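Let's start with one chain on its own, the form deposited in one PDB entry, as structure tokens.
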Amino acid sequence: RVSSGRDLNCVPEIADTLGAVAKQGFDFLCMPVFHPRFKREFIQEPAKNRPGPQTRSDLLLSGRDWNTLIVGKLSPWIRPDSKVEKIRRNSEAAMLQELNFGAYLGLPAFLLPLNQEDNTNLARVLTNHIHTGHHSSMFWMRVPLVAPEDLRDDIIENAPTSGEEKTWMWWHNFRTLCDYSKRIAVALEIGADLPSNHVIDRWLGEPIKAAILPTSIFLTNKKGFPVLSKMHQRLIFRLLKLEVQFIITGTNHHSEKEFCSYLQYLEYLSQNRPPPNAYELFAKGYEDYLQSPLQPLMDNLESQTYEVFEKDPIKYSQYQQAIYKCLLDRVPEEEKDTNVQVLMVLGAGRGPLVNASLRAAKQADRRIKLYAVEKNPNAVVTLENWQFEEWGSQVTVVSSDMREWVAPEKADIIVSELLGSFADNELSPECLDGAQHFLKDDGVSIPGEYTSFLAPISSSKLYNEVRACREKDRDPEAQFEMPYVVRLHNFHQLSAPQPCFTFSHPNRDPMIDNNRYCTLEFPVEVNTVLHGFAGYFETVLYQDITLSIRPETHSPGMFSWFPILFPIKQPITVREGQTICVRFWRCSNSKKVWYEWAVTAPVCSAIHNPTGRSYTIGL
């Protein structure tokens, strides 16, 4: 299903227009609150004292209709950035008059045009209206994909036809003056002559709430029904992934067919999109939703937290397959009945790896002895109920910390799922290092290696959400110095993911040191604004068996982990050809472990989270 609206600049009577628009299938209506040609004077008499009402009464619709069906439109004669002072003073008062009347009707959105480069005074008036009272209405900025001058036909003979990205700089410089207001979104206007994919890819990271589609860009098939080019369809398809509201403007040029045929073609493409990836279908409702990263070592996870871990069959089948191949390599065929392996699930949780180790033992036709070490006593109750009713004396539930547990015997294999979005962000190195002593000298660790990957991203939405995570009684910028687990959606990857930290288990190093310093340089072949760094990870369970949330090597179907996000305090502008240089540290003391990061090129940022002042991981 598609949410759509009808843009109109002429409404004789609201009752009849809203009904005809509703009959054609539109959900809302874009219309001017004052008459477009009703220019008003606020200073100079006698035009100042114009009698009569300035517009029509609010009683023409219900409050429920205004709140959900009518989208306001600024009058086209209002030019706050004019060069004549008299035109500015009236445009200021007229914009405030229409914006206040828009909030008077409780309109959910308001349309304002970004049809030129300098909208500074326009930004100030809107900012003053935003900082007047507390409201939540949206302001849709009308900005075209390609500028009107860059879309004119070469009909003039004495004036023939980064410069092709000029409309984005209109928006970027506007929202920056308004300090990234949450009430200001983009109403992206599409032209017949689409621009470069660079400009298109750049708008994708912006809060595009509406997509305006004129009727002049629609093609005509043999039957006469309005369609689109193979480029416009590729644009509409990627707009549907952002789940935007499409707006139809302009009169009916396919007058042979009904005007609602434009709308039926959009629902046609929407139901013809590629089948939703099971990752998209499952993680629906978590797009760009920031979550605090889990700390299963410092905290005890709730039951429904473990329940989301176990809803992924692909994740544990890979674990079963890794243990299955490791069993066949350690015990030969002639020793399949005399050699019993000592498996130790370090961090058994509610026993999904214990069940997987049992299925890997039956599949390999080998004998095993299981120790289920879990520190969470609330989860040990589940393990011991499992151990008594089903597993039997084969599994030995150990309610202790693996770093402290004195094992009665050494282990042939140790299996752990102590990995987060950034691989080692749950202190899996420190846990397996403490548990490393009761592993045999030829013992195998599953996983035996994991690696975290970083990618610079651009998302003015995600930056605006982190910016909204400010809390009382703490550092006002502390929200920018902590990572968030989040399914990244409305963002733009600025460079290919590069590896960051890497750990190997068992750690044969005599001087074990899990502190890391990694410097990464990212070629950025586009102009953009850096907002944060995405964090993925790859891990090697055993030999070819691997897991990964890294996009290019993502394990198909595995939806257990979301990517992690390291933000930066101030967004950094990056030009084409420049290289983003970020540096990450993994610091630790006896009690806490934390990450510190800083950008050093093109410009330098501040060192984020020093001494773990804003974010620490508990040992």
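Here, rigid core means the biggest group of C-alpha atoms that superpose within 1.5 Å across both forms. Quick note: we count residues from 1 along the sequence shown, nothing fancier.
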query: How many residues sit between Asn221 and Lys222 in the deposited sequence but have no coordinates: none, 1 to 3, 4 to 9, or 10 or more?
result: none
Greater mean Cα temperature factor according to the PDB record, 114 to 122 or 339 to 347: 339 to 347
query: Once you work out the mean C-alpha B-factor for both 39 to 47 and 587 to 595 from the entry, which is higher?
result: 39 to 47
message: If I read the C-alpha B-factors straight from the PDB entry, which of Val397, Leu281, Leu547, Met141 is highest?
response: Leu281
- prompt: Per the PDB entry, which option out of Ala192, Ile457, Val186, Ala109 has the greatest Cα B factor?
  reply: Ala192
- request: Would you please rank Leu541 by its C-alpha temperature factor against the other modelled residues of its chain and give the third it falls in: lowest, middle or highest?
  value: lowest
message: Sorting by Cα B-factor within the chain, modelled residues only, which third would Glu92 end up in: lowest, middle or highest?
response: lowest
query: Against its chain's modelled residues, does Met169's Cα B factor rank lowest, middle or highest third?
result: lowest
task: Could you say whether, by C-alpha temperature factor, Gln570 belongs to the lowest, middle or highest third of its chain?
output: lowest
- request: Consider only the C-alpha atoms of the modelled residues in this chain, order them by B-factor as the entry records it, and name the third containing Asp441: lowest, middle or highest.
  value: highest
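Keep in mind the form deposited with a small molecule bound is missing from the figure; the text below concerns it.
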- prompt: Here the chain is shown alone; which of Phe28, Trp594, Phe34, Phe562 has a heavy atom within 4.5 Å of the small molecule in the deposited complex?
  reply: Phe562
message: Looking at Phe537, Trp140, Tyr463, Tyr371 here, can you tell me which has any non-hydrogen atom within 4.5 angstroms of the small molecule in the deposited complex?
response: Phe537
task: Decide whether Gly72 counts as a contact residue for the small molecule in the deposited complex under a heavy atom distance cut-off of 4.5 Å.
output: no
task: Decide whether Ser428 counts as a contact residue for the small molecule in the deposited complex under a heavy atom distance cut-off of 4.5 Å.
output: yes
query: Could you tell me if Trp66 has a non-hydrogen atom within 4.5 Å of the small molecule in the deposited complex?
result: no
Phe491: touches the small molecule in the deposited complex, heavy atom cutoff 4.5 angstroms: no
message: I need the one stretch from 234 to 242, 181 to 189, 451 to 459, 472 to 480 whose residues put non-hydrogen atoms within 4.5 angstroms of the small molecule in the deposited complex.
response: 451 to 459
- request: Verify the flagged residues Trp77, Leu126 and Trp170 against the small molecule in the deposited complex: is each one within 4.5 Å by a non-hydrogen atom?
  value: no
field: Sole member of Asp424, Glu374, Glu189, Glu417 with a C-alpha shift of at least 2 Å between this form and the one not shown (core-superposed)
entry: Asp424
- request: For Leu177, decide whether the Cα shift between this form and the one not shown is 2 Å or greater, given a superposition on the rigid core.
  value: no
message: Checking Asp299 here: with the core superposed, does its CA move 2 Å or more between this form and the one not shown?
response: yes
field: Core-aligned C-alpha movement of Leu488 between this form and the one not shown, 2 Å or more
entry: yes
Direction of the Cα shift between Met298 and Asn514 in the deposited complex, where the change is 3 Å or more: farther
task: Have a look at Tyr306 and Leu419: in the deposited complex, are their Cα atoms closer together or farther apart than in this form, given the change is 3 Å or more?
output: closer
